[PDB]
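Participant: Protein chains in written order, with my numbering: chain A, 1 to 176; chain B, 1 to 154; chain C, 1 to 166; chain D, 1 to 42; chain E, 1 to 730.
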Ligand code: CLA
Ligand code: CLA
Ligand code: CLA
Ligand code: CLA
Ligand SMILES: CC1=C(C/C=C(\C)CCC[C@H](C)CCC[C@@H](C)CCCC(C)C)C(=O)c2ccccc2C1=O
């Protein structure tokens, strides 16, 4: 007769969303951008074709020393000051709560009209395409599936096999 | 070295164990997998107990008669980490089981009606008092015996 | 009803002795790096004096010294229960008498004090750690290695090595 | 969404997602080192 | 309770201490209520004082069994499929020795995985799929992989009918509280329309696809996935397309036939699983009945009818409250369902119904003891729940002066007899054996009770066995052999790997086990009978229906005043039955191997797994560990380092778990209290205990952790003892 589940943090799920998905922008346009036959060709000789490898797992370290830094700073002062103890304001804390952060300390604040209001108008823009980005990337992340599964010849694994017409992979279109 | 015999560097009886016993693992002249891709005695199960050759590491490891290896651990000749190395380890791990036992417990008996909060779990595992254990340098080895759990509370 | 901390004397003094001996410990290394060539364990002995006698032994050396360290150390004990060390610059620091806005109890966070001319045991704060954790570092990387930094020919780039032990 | 001074609850036997698993990841150390009886160190 | 309603929350009850009797789980903390909650979780003296729902729950929380038996089976069909051995075993039976399960070689594991047949590593089976599965008028591994998901289909759906009850706003009274038709339906067309339906898919498809399997081939060199439609042309080999008959009746001519069936009895030479040419006819000849039968009726009438003098006036009116009970119409059922399971246990071993059983020894005795513990574990229950009636179910006493009010009238009486019955037995039913010892260890055989010393003479024969295998000469039509090959007269030639069934002779050492059974079956029942009868009132306690059918014990007075009750008569009644079945098992295999199971070769000189050692040597009750327990079991205590090994390696635990029960069975209670505090003390010093008042076991919970253990202990012990002396020689 209907679930018991608006996770109160029904309020927070929605912000790894704008994380996950704005983000899939980075893959969506640079991919098919690629640049078909640019003129053309992909060749990267430079730091890479003679100094004994370049990356892989010095890759990650440097690579996400920064993502390191930044992803942390991201949610852990999104906002929330007050930042300790001890009775309920719910999210699972707002034990920042009624105090934002400081009683007349510094400029904790951005912007006049005693709040943080990045003004009133802009529902426009990112309500639409952006929680789009959530939606969008559902189905061209449902293409990740289509785009490659079938492990282009070079391997049948656990041999059912189980019929046979013709191949599959990616580049755009479809026989049909 | 001590009461039993010497390690792996030589242990005749132990050798015979390697060989008959396991290798009769053999015992199945064939049993069909001439090329076939499943029945895996064949590869390892032996070789994983086996390529464990005249090497097992080398461990010292005393080995008595029948050559099954015995554990002295008296902190000498070679054998020290057959109790202490995996001993302090047992200690450290436990005690950070119950350091937090005496924790997602001493954090409740207060506020408003706290009479079985524990059949559900407030922070799962405690996931707050969690690391208090690795975040034990010294810790109970002082603060247990001085203050808090202080003889007073004794 | 003793809410929370506490402690104090305690192991703030606990630290600085780590800090300032991790600092010294690394004077240990300092040597073999500029006009370089000589160290690791090098299980010293340790700098060794004259050509008039020792001779592998002449004695447990090492063993003794720290019988001495020993009653000098009861001495710092011989301080911290009941404050006694003229300078007085560790137990809270010098600037004679003071800091002990934590000697009689009641801390919570208490930052501290102590140089007359002038500033503090502070940016001797963080040389304080740089070196403790450094050791952590230092006798971290032995257990496979023992030397730093040439140029851009073929050194600083990590070429091929060999697991942990396993 | 979870800050400082204890959090949200959990069921009767989440121990069955604690015996099974965690502990489960340990067979996962008992095949990486498919064997023990002393142990090398790091 | 709120939270708060009635009517005027959807907001569900997650949070606020308790529920279940009203100075409930109280604010104040405790542990006992955590075995409470699970125990008596299903019950009905609480939930509501008003029938209504309960039947609306049990028709749902039921459901989730079928669905489950349905998630189960699937992982068995799947399992009996891609974790193959079935494909390999079927082209190659008599030869293989089946598997479905296999480990994964983590830690010690692998020893458990030891070459089983069509060329692979695994752990064996004593659960006769691979043999229902003979059926497959089709064969194929991925196919069972459809029958498999076909299983998960029935489930999710036959599990959303359980949403589509209680949680959905439910039916009510009339629906079940008009019973008028129920069996009408059930038996008619399912009992009927299955057996019937099963007929149609038991000659259509199966018969033919093992009519020409009992020879050779390799499957798909036979039985396509559709092949068996309109094509009534291969049905040509296994009788006419009726030729000139039209819908049975008689203006029919047979100058040479009589449809499929052509009744058998005996055993296929090449697959002695009893003939299938019959198996259609018998299921057909069932259904009809059910098809005709489930057509009674609408109910009192028939029972409101035949009374007499001493008979049952209340026979007439034998329960309005049999539309208003459950605990009653469950207890009745369990006696039947239960007692109608272990009747399987025989007609199976003395008349196999699947291809390749008997030759398969271990893959149909496992059976005959699994089916055997249910036709027992469901019977003591079938008493428990009557005690649950006898105590409470109805509202008041509206039930009066009848068959029962009658039986109770005598009660220090029906059980007055039955008692002496048992000590007459026991003396004639066990010390009988003890004679032998005391006098064969004294040693003078002249005077034992041997199949040969006390007067009986080289024959048993003349009774009824010998007028069963010989009866195809009565009103009997016939059909070579009998009905069950194990009967006195004629025939031998049964099977070409090992053996199957043959006469099975008797006299003494068959005479007196058969009697220990009596005394065992009887004193079991004494304790349940007197237990459920004296359910509510007595002359040790009359104020004795005042809580429930459990209650620990009334109190130190009256002398004892402890066991009484009827939870506990259904606690010491299990304690026996564990024997009742546990010694019936002990019977069958020592027979079935001492004789029967054994083996042919030239001149078919029979060579039983044991040249009849039984003979003069079960009669001694030491011979029962000379010849049994110490003889066989040498395979359990040799079993290390092997493939089955998990049995010997259980056989120590569970031969431990039992020897842990006694601790729970044999002990006080304020004891582990008195102890639990010493503990609780040391606890408080470090500051580590009080919250949720730790407490000892609930007098009768303690008994609950006896018994249950004493059984899962004392039982699996043999579950191991067995599978370890039929796998490998036998
Ligand atoms: C958090 C835990 C906790 C702690 C610190 C202790 C500590 C102690 N127990 Mg103990 N105990 C516990 C839980 C605990 N127990 C539980 C749950 C039981 C089951 C009823 C017992 C049953 C028990 C008995 C019978 C005895 C002790 C005794 C003792 C003392 C001797 C230590 C010993 O050898 O037993 C080893 C510890 C056990 C056998 C306990 C097993 C349970 C552990 C694994 C709890 C683990 C944490 C648990 C999952 C909590 C959830 C975490 C939460 C923060 C989310 C010591 C003071 C002995 C004593 O009185 O002498 C001083 C006595 O023999 N205990
Ligand atoms: C997704 C759905 C769902 C939800 C949210 C609920 C919620 C509820 N149901 Mg419910 N129910 C459901 C599906 C659901 N049901 C289904 C599918 C069925 C039929 C199969 C039922 C049959 C049912 C009945 C008869 C009753 C309820 C009741 C209730 C209420 C009490 C629930 C409770 O705490 O039981 C806790 C129990 C569980 C969460 C598990 C359910 C047990 C089954 C279905 C699966 C477990 C068996 C499993 C194999 C365990 C044994 C093996 C083990 C070794 C692992 C609550 C509002 C009760 C009520 O109205 O209040 C008195 C009432 O008794 N339900
Ligand atoms: C068709 C029947 C069936 C049904 C539907 C019921 C239904 C019921 N019985 Mg019941 N019963 C049955 C057959 C049945 N019984 C049989 C055959 C017996 C004889 C053994 C009994 C003996 C019996 C008793 C003595 C009682 C009931 C009670 C009840 C009621 C309580 C149910 C409950 O809370 O779960 C109880 C189940 C548990 C608490 C789960 C514990 C199960 C443990 C013991 C595990 C079993 C061992 C197993 C090997 C362990 C799993 C593997 C492990 C090693 C990993 C309920 C109405 C009780 C009542 O008070 O009536 C209102 C009363 O206690 N029954
Ligand atoms: C705690 C006590 C102490 C101990 C250690 C034992 C131990 C034992 N007693 Mg014992 N006993 C005791 C006190 C004790 N008793 C007392 C005080 C009495 C009363 C006087 C008895 C009366 C008694 C009797 C009458 C019997 C025993 C027996 C036994 C033995 C069973 C064989 C065995 O376990 O092989 C050891 C090997 C294993 C346990 C291998 C286990 C591997 C399997 C189970 C899998 C691994 C475990 C896994 C968790 C299980 C799967 C469960 C899963 C679903 C979670 C065992 C050695 C029995 C016996 O065998 O001969 C006398 C006999 O029945 N005892
Ligand atoms: C031994 C014995 C006890 C003592 C038995 C006890 C106390 C068993 C209860 C022990 C429980 C099951 C331990 C539960 C603790 C854990 C579930 C908590 C930690 C959670 C896990 C992660 C370990 C009785 O209470 C008793 C009562 C009546 C008749 C006979 C006996 C009897 O024989």
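The C-beta atom is built at its ideal place from N, Cα and C for all residues, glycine as well.
(1) Closest to residue 229 (chain E) by C-alpha separation, out of E:239, E:506, E:219 and E:204, would be which residue?
(2) With C-beta atoms as the reference, is residue 290 (chain E) less than 7 Å away from residue 278 (chain E)?
(3) Could you have a look at residue 15 (chain E) and say whether DSSP puts it in helix, strand or coil?
(4) Within the 7 Å Cβ cut-off, does residue 688 (chain E) reach chain B?
(5) Measuring only the C-alpha atoms, how far is residue 118 (chain B) from residue 692 (chain E)?
(6) Using the beta-carbon count (16 or more within 10 Å), is residue 595 (chain E) buried or exposed?
(7) Got a sec: which bits of the stretch 10 to 35 of chain A sit with their beta carbon under 7 Å from any beta carbon on chain D, in order along the chain?
(8) Please list, in chain order, all residues of the same chain as residue 517 (chain E) whose beta carbon is under 7 Å from its beta carbon, the five residues on each side excluded.
(9) Tell me the DSSP secondary structure of residue 131 (chain A) in three-state form.
(10) Between residue 57 (chain E) and ligand 2, is there a pair consisting of the residue's CB and a ligand heavy atom that are separated by less than 6 Å?
(11) Do you know offhand how far residue 174 (chain C)'s Cα is from residue 95 (chain C)'s?
(12) Hey, quick one: how far does the alpha helix (DSSP H) through residue 581 (chain E) stretch, first residue to last?
(13) Can you name, in chain order, every residue of its own chain whose Cβ lies under 6 Å from the Cβ of residue 209 (chain E), other than the five neighbours on each side?
(14) Which two residues bound the contiguous alpha helix (DSSP H) that contains residue 372 (chain E)?
(15) Does residue 31 (chain E) have its Cβ less than 7 Å from a Cβ in chain B?
(16) If you measure beta-carbon to beta-carbon, which residues of the stretch 95 to 127 of chain E are closer than 7 Å to chain D?
(17) Looking at chain A, is there any beta carbon in it that lies within less than 7 Å of the beta carbon of residue 8 (chain D)?
(18) Using the beta-carbon of each residue, which ones in chain F are nearer than 8 Å to residue 57 (chain E)?
(19) When you get a sec, list the residues whose CB is within less than 5 Å of any heavy atom of ligand 4, chain order please.
(20) Under 6 Å Cβ to Cβ from residue 540 (chain E), same chain only, skipping five residues before and after it: list those, please.
(21) Is any beta-carbon of chain A found at less than 7 Å from that of residue 35 (chain D)?
(22) Quick check: does the Cβ of residue 61 (chain E) come within less than 6 Å of any heavy atom belonging to ligand 2?
(23) Does the stretch 586 to 600 of chain E come close enough to the stretch 614 to 622 of chain E that 3 or more CB-CB pairs lie under 8 Å?
(24) Residues of the stretch 76 to 105 of chain B in Cβ contact with chain D at a cutoff of 7 Å, in chain order, please.
(25) In whole angstroms, what separates the C-alpha of residue 454 (chain E) from that of residue 591 (chain E)?
(26) Does the beta-carbon distance from residue 133 (chain B) to residue 63 (chain B) come in below 7 Å?
(27) Residue ranges of each alpha helix (DSSP H) run of no fewer than 4 residues wholly in the stretch 40 to 100 of chain A, ordered along the chain?
(28) With a 10 Å radius around its C-beta and 16 neighbouring C-beta atoms as the bar for buried, classify residue 135 (chain B) as buried or exposed.
(29) Taking a cut of 9 Å between CB atoms, which residues from the stretch 14 to 41 of chain B lie near chain E?
(30) Find the nearest neighbour of residue 40 (chain D) within the set B:81, B:17, B:40 and B:8, judged by alpha-carbon distance.
(31) Which residues in chain B sit within 7 Å of residue 169 (chain C), going by Cβ to Cβ distance?
(32) So within the stretch 401 to 430 of chain E, which uninterrupted alpha helix (DSSP H) runs reach at least 4 residues, ignoring any that extend past its ends?
(33) Run the CB neighbour count on residue 302 (chain E), radius 10 Å, all protein chains shown included, and call it buried at 16 or more, exposed below.
(34) Can you list the residues of chain B that residue 6 (chain C) reaches, using a CB-CB cut of under 8 Å?
(35) Could you work out which residues of chain E lie near residue 27 (chain D), taking near to mean beta carbons separated by less than 8 Å?
(36) Pairs of beta-carbons, one from the stretch 14 to 32 of chain A and one from the stretch 86 to 106 of chain A, closer than 8 Å: are there three or more?
Facilitator: In terms of the structure at hand:
(1) When only C-alpha atoms are compared, the closest one is E:204.
(2) no
(3) coil
(4) Yes - at least one Cβ of chain B is within 7 Å of the one on residue 688 (chain E).
(5) If I take the Cα positions, the gap works out to 8 Å.
(6) buried
(7) Within the stretch 10 to 35 of chain A, those residues whose Cβ lies closer than 7 Å to any Cβ of chain D are, in chain order, 12.
(8) 584
(9) helix
(10) yes
(11) The requested residue 174 (chain C) does not occur in the structure, where chain C is confined to residues 1 to 166.
(12) 572 to 594
(13) 137 and 223
(14) 366 to 377
(15) Cβ-Cβ to chain B under 7 Å: no for residue 31 (chain E).
(16) 106 and 107
(17) Cβ-Cβ to chain A under 7 Å: yes for residue 8 (chain D).
(18) Chain labels in this structure do not include chain F; the protein chains are A, B, C, D and E.
(19) E:652, E:653, E:655, E:656 and E:659
(20) 558
(21) no
(22) yes
(23) yes
(24) 81, 82, 85 and 86
(25) So the alpha carbons of these two residues sit roughly 21 Å apart.
(26) no
(27) List check, alpha helix (DSSP H) in window: 57 to 76.
(28) exposed
(29) 21, 28, 31, 32, 33, 36, 38, 39, 40 and 41
(30) B:81
(31) Here chain C covers residues 1 to 166 and nothing more, so residue 169 (chain C) does not appear.
(32) 403 to 409 and 419 to 427
(33) exposed
(34) 147
(35) 106 and 107
(36) No: the two stretches stay apart, fewer than three of their Cβ pairs being nearer than 8 Å.
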